[PDB]
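One file, coords21.cif, carrying mmCIF, N, CA and C atoms:
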```
data_start
#
loop_
_atom_site.group_PDB
_atom_site.id
_atom_site.type_symbol
_atom_site.label_atom_id
_atom_site.label_comp_id
_atom_site.auth_asym_id
_atom_site.auth_seq_id
_atom_site.Cartn_x
_atom_site.Cartn_y
_atom_site.Cartn_z
ATOM 1 N N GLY H 1 31.730 -29.358 22.596
ATOM 2 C CA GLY H 1 32.866 -29.914 21.862
ATOM 3 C C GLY H 1 32.589 -29.806 20.372
ATOM 4 N N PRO H 2 33.424 -30.448 19.545
ATOM 5 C CA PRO H 2 33.407 -30.142 18.124
ATOM 6 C C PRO H 2 32.124 -30.590 17.431
ATOM 7 N N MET H 3 31.551 -31.667 17.897
ATOM 8 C CA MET H 3 30.327 -32.153 17.198
ATOM 9 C C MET H 3 29.192 -31.174 17.309
ATOM 10 N N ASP H 4 29.020 -30.560 18.467
ATOM 11 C CA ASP H 4 27.951 -29.553 18.622
ATOM 12 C C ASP H 4 28.219 -28.313 17.777
ATOM 13 N N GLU H 5 29.485 -27.974 17.604
ATOM 14 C CA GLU H 5 29.886 -26.723 16.922
ATOM 15 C C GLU H 5 29.958 -26.901 15.426
ATOM 16 N N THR H 6 30.171 -28.091 14.886
ATOM 17 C CA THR H 6 30.405 -28.234 13.440
ATOM 18 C C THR H 6 29.203 -27.410 12.828
ATOM 19 N N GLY H 7 29.662 -26.793 11.710
ATOM 20 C CA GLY H 7 28.787 -26.301 10.662
ATOM 21 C C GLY H 7 27.987 -25.165 11.202
ATOM 22 N N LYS H 8 28.071 -24.835 12.494
ATOM 23 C CA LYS H 8 27.165 -23.813 13.041
ATOM 24 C C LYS H 8 27.754 -22.423 12.856
ATOM 25 N N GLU H 9 26.901 -21.549 12.393
ATOM 26 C CA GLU H 9 27.170 -20.127 12.311
ATOM 27 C C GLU H 9 26.512 -19.466 13.496
ATOM 28 N N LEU H 10 27.257 -18.767 14.302
ATOM 29 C CA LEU H 10 26.742 -18.237 15.559
ATOM 30 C C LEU H 10 26.363 -16.780 15.443
ATOM 31 N N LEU H 11 25.516 -16.341 16.376
ATOM 32 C CA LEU H 11 24.952 -14.995 16.455
ATOM 33 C C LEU H 11 25.072 -14.506 17.896
ATOM 34 N N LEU H 12 25.397 -13.213 18.022
ATOM 35 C CA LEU H 12 25.333 -12.537 19.327
ATOM 36 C C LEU H 12 24.054 -11.675 19.356
ATOM 37 N N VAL H 13 23.319 -11.768 20.443
ATOM 38 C CA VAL H 13 22.177 -10.878 20.650
ATOM 39 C C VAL H 13 22.652 -9.545 21.182
ATOM 40 N N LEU H 14 22.317 -8.492 20.458
ATOM 41 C CA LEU H 14 22.726 -7.102 20.767
ATOM 42 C C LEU H 14 21.814 -6.417 21.741
ATOM 43 N N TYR H 15 20.528 -6.725 21.716
ATOM 44 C CA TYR H 15 19.505 -6.053 22.534
ATOM 45 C C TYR H 15 18.511 -7.111 22.938
ATOM 46 N N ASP H 16 17.908 -6.961 24.106
ATOM 47 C CA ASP H 16 16.848 -7.898 24.459
ATOM 48 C C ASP H 16 15.742 -7.877 23.407
ATOM 49 N N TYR H 17 15.125 -9.045 23.179
ATOM 50 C CA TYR H 17 13.963 -9.115 22.292
ATOM 51 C C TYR H 17 12.904 -9.973 22.934
ATOM 52 N N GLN H 18 11.722 -9.410 23.115
ATOM 53 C CA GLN H 18 10.585 -10.165 23.636
ATOM 54 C C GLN H 18 9.696 -10.613 22.472
ATOM 55 N N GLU H 19 9.424 -11.899 22.475
ATOM 56 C CA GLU H 19 8.561 -12.490 21.432
ATOM 57 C C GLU H 19 7.183 -11.833 21.364
ATOM 58 N N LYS H 20 6.686 -11.743 20.134
ATOM 59 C CA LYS H 20 5.329 -11.198 19.906
ATOM 60 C C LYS H 20 4.492 -12.110 19.043
ATOM 61 N N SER H 21 4.910 -13.335 18.852
ATOM 62 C CA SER H 21 4.058 -14.333 18.193
ATOM 63 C C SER H 21 4.571 -15.680 18.618
ATOM 64 N N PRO H 22 3.815 -16.748 18.333
ATOM 65 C CA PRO H 22 4.247 -18.083 18.755
ATOM 66 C C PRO H 22 5.474 -18.640 18.058
ATOM 67 N N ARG H 23 5.885 -18.016 16.961
ATOM 68 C CA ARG H 23 7.026 -18.486 16.170
ATOM 69 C C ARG H 23 8.263 -17.647 16.428
ATOM 70 N N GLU H 24 8.227 -16.753 17.407
ATOM 71 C CA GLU H 24 9.357 -15.905 17.772
ATOM 72 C C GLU H 24 10.043 -16.416 19.033
ATOM 73 N N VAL H 25 11.323 -16.090 19.167
ATOM 74 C CA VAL H 25 12.148 -16.504 20.285
ATOM 75 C C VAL H 25 12.499 -15.310 21.143
ATOM 76 N N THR H 26 12.192 -15.364 22.445
ATOM 77 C CA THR H 26 12.659 -14.341 23.386
ATOM 78 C C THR H 26 14.113 -14.556 23.672
ATOM 79 N N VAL H 27 14.923 -13.509 23.580
ATOM 80 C CA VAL H 27 16.366 -13.591 23.828
ATOM 81 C C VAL H 27 16.771 -12.383 24.656
ATOM 82 N N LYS H 28 17.944 -12.497 25.253
ATOM 83 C CA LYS H 28 18.536 -11.440 26.066
ATOM 84 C C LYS H 28 19.867 -11.004 25.496
ATOM 85 N N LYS H 29 20.191 -9.743 25.632
ATOM 86 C CA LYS H 29 21.494 -9.182 25.250
ATOM 87 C C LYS H 29 22.577 -10.102 25.796
ATOM 88 N N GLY H 30 23.473 -10.485 24.900
ATOM 89 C CA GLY H 30 24.621 -11.347 25.258
ATOM 90 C C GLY H 30 24.387 -12.813 24.952
ATOM 91 N N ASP H 31 23.161 -13.219 24.706
ATOM 92 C CA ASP H 31 22.906 -14.632 24.354
ATOM 93 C C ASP H 31 23.597 -14.977 23.041
ATOM 94 N N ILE H 32 24.038 -16.220 22.936
ATOM 95 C CA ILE H 32 24.701 -16.735 21.723
ATOM 96 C C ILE H 32 23.773 -17.748 21.089
ATOM 97 N N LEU H 33 23.365 -17.462 19.863
ATOM 98 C CA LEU H 33 22.395 -18.278 19.117
ATOM 99 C C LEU H 33 23.064 -18.935 17.932
ATOM 100 N N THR H 34 22.409 -19.934 17.356
ATOM 101 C CA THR H 34 22.809 -20.492 16.061
ATOM 102 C C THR H 34 21.922 -19.907 14.973
ATOM 103 N N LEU H 35 22.537 -19.442 13.901
ATOM 104 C CA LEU H 35 21.766 -18.982 12.737
ATOM 105 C C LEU H 35 21.255 -20.162 11.937
ATOM 106 N N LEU H 36 19.956 -20.210 11.700
ATOM 107 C CA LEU H 36 19.370 -21.190 10.787
ATOM 108 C C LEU H 36 19.100 -20.605 9.419
ATOM 109 N N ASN H 37 18.618 -19.346 9.322
ATOM 110 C CA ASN H 37 18.268 -18.830 7.986
ATOM 111 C C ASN H 37 18.230 -17.322 8.009
ATOM 112 N N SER H 38 18.971 -16.701 7.102
ATOM 113 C CA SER H 38 19.087 -15.250 6.991
ATOM 114 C C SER H 38 18.488 -14.718 5.682
ATOM 115 N N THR H 39 17.652 -15.478 4.987
ATOM 116 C CA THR H 39 17.191 -15.005 3.660
ATOM 117 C C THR H 39 16.147 -13.906 3.738
ATOM 118 N N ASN H 40 15.505 -13.701 4.889
ATOM 119 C CA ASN H 40 14.641 -12.510 5.095
ATOM 120 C C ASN H 40 15.513 -11.464 5.780
ATOM 121 N N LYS H 41 15.577 -10.265 5.193
ATOM 122 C CA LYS H 41 16.494 -9.227 5.692
ATOM 123 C C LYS H 41 16.063 -8.666 7.043
ATOM 124 N N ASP H 42 14.774 -8.789 7.364
ATOM 125 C CA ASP H 42 14.251 -8.245 8.629
ATOM 126 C C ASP H 42 14.149 -9.270 9.765
ATOM 127 N N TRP H 43 14.028 -10.554 9.454
ATOM 128 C CA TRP H 43 13.771 -11.609 10.457
ATOM 129 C C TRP H 43 14.690 -12.788 10.165
ATOM 130 N N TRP H 44 15.495 -13.187 11.138
ATOM 131 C CA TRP H 44 16.361 -14.354 10.995
ATOM 132 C C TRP H 44 15.819 -15.499 11.808
ATOM 133 N N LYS H 45 15.864 -16.705 11.238
ATOM 134 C CA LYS H 45 15.527 -17.913 11.976
ATOM 135 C C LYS H 45 16.760 -18.356 12.716
ATOM 136 N N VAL H 46 16.571 -18.679 13.999
ATOM 137 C CA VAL H 46 17.649 -18.989 14.915
ATOM 138 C C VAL H 46 17.281 -20.233 15.708
ATOM 139 N N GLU H 47 18.324 -20.833 16.288
ATOM 140 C CA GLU H 47 18.166 -21.935 17.255
ATOM 141 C C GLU H 47 18.832 -21.509 18.549
ATOM 142 N N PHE H 48 18.131 -21.739 19.645
ATOM 143 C CA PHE H 48 18.631 -21.347 20.972
ATOM 144 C C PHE H 48 17.958 -22.288 21.976
ATOM 145 N N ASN H 49 18.698 -23.029 22.735
ATOM 146 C CA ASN H 49 18.171 -23.854 23.888
ATOM 147 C C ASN H 49 16.917 -24.646 23.471
ATOM 148 N N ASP H 50 17.068 -25.426 22.459
ATOM 149 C CA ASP H 50 15.957 -26.380 22.013
ATOM 150 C C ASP H 50 14.777 -25.608 21.390
ATOM 151 N N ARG H 51 14.918 -24.305 21.096
ATOM 152 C CA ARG H 51 13.886 -23.574 20.370
ATOM 153 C C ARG H 51 14.432 -23.256 18.990
ATOM 154 N N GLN H 52 13.527 -23.210 18.022
ATOM 155 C CA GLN H 52 13.811 -22.717 16.676
ATOM 156 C C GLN H 52 12.730 -21.729 16.305
ATOM 157 N N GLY H 53 13.125 -20.532 15.903
ATOM 158 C CA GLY H 53 12.125 -19.534 15.537
ATOM 159 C C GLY H 53 12.786 -18.232 15.200
ATOM 160 N N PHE H 54 12.016 -17.156 15.159
ATOM 161 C CA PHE H 54 12.473 -15.918 14.543
ATOM 162 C C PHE H 54 12.777 -14.843 15.552
ATOM 163 N N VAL H 55 13.785 -14.054 15.233
ATOM 164 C CA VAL H 55 14.206 -12.860 15.961
ATOM 165 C C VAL H 55 14.507 -11.798 14.907
ATOM 166 N N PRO H 56 14.197 -10.523 15.099
ATOM 167 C CA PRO H 56 14.528 -9.559 14.032
ATOM 168 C C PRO H 56 16.042 -9.453 13.849
ATOM 169 N N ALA H 57 16.452 -9.342 12.583
ATOM 170 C CA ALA H 57 17.867 -9.282 12.246
ATOM 171 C C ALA H 57 18.588 -8.134 12.892
ATOM 172 N N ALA H 58 17.905 -7.010 13.140
ATOM 173 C CA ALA H 58 18.557 -5.843 13.748
ATOM 174 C C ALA H 58 19.034 -6.098 15.166
ATOM 175 N N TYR H 59 18.519 -7.143 15.795
ATOM 176 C CA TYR H 59 18.909 -7.483 17.168
ATOM 177 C C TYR H 59 20.136 -8.412 17.225
ATOM 178 N N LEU H 60 20.705 -8.754 16.087
ATOM 179 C CA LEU H 60 21.647 -9.868 15.999
ATOM 180 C C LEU H 60 22.907 -9.431 15.286
ATOM 181 N N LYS H 61 24.038 -10.029 15.697
ATOM 182 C CA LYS H 61 25.351 -9.824 15.059
ATOM 183 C C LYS H 61 25.904 -11.183 14.676
ATOM 184 N N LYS H 62 26.270 -11.358 13.422
ATOM 185 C CA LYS H 62 26.961 -12.584 13.013
ATOM 186 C C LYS H 62 28.358 -12.660 13.612
ATOM 187 N N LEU H 63 28.680 -13.810 14.167
ATOM 188 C CA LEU H 63 30.000 -14.056 14.809
ATOM 189 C C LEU H 63 30.955 -14.791 13.858
ATOM 190 N N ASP H 64 30.557 -15.447 12.791
ATOM 191 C CA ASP H 64 31.460 -15.757 11.620
ATOM 192 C C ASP H 64 32.553 -16.731 12.077
#
```
Using structure tokens, write down the structure from this file.
Amino acid sequence: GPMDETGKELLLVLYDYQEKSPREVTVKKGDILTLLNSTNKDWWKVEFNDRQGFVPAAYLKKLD
């Protein structure tokens, strides 16, 4: 509902990504994430299912 959605900028995962460090998030093509921080052009911080961490930006599409 609206409280969960306020203020959130969403992301679509374009390709599966398997984590390669403890601060990375494994995601699957089609997953919908929340964007936390896009200031690094190669790695975006995201929130997904109670995790917060990094996924490469090339794997992600902003849903706006």
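The interatomic distance for the pair atom CA of residue H:16 and atom CA of residue H:4 works out to 25.0 Å.
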Which residues, written as a count of residues only, have at least one atom at most 8 Å from residue H:22, with all atoms listed in the file counted and residues fewer than 3 positions away on the same chain left out?
4
Of the residues H:60, H:44, H:2, H:37, which is the one nearest to residue H:15, using all atoms listed in the file?
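Among H:60, H:44, H:2, H:37, it is H:60 that comes nearest to residue H:15.
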Using DSSP assignments from the backbone, pull out every residue in chain H that falls under helix (DSSP H, G or I) and give it to me as a ChimeraX atom specification.
/H:2-5,57-59
Once the PyMOL selection byres ((chain H and resi 30) around 8) is applied to the coordinates I shared, what remains selected? I want it as an NGL selection string.
:H and (11-16 or 27-29 or 31-33)
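Per DSSP on the backbone, strand (DSSP E or B) in chain H comprises residues 10, 11, 12, 13, 17, 24, 27, 32, 33, 34, 35, 36, 37, 43, 44, 45, 46, 47, 48, 51, 52, 53, 54, 55, 56, 60, 61 and 62 of chain H.
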Which value, in Å to one decimal, gives the distance between atom N of residue H:5 and atom C of residue H:18?
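Going from atom N of residue H:5 over to atom C of residue H:18, I get 26.8 Å.
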If the PyMOL selection byres (((chain H and resi 45 and name CA) around 9) and name CA) were run on this exact file, what residues would it hold? Put them as a list in words.
residues 24, 34, 35, 36, 37, 38, 39, 40, 43, 44, 46, 47, 52, 53, 54, 55, 56 and 57 of chain H
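In this model, the gap between atom C of residue H:64 and atom C of residue H:21 comes to 28.8 Å.
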Centre and edge lengths of an axis-aligned box around all listed atoms of stretch 29-39 of chain H, with 4 Å added on each side, are to be given in Å to one decimal, as lines of an AutoDock Vina configuration file.
```
center_x = 20.4
center_y = -15.2
center_z = 14.7
size_x = 16.6
size_y = 20.0
size_z = 30.1
```
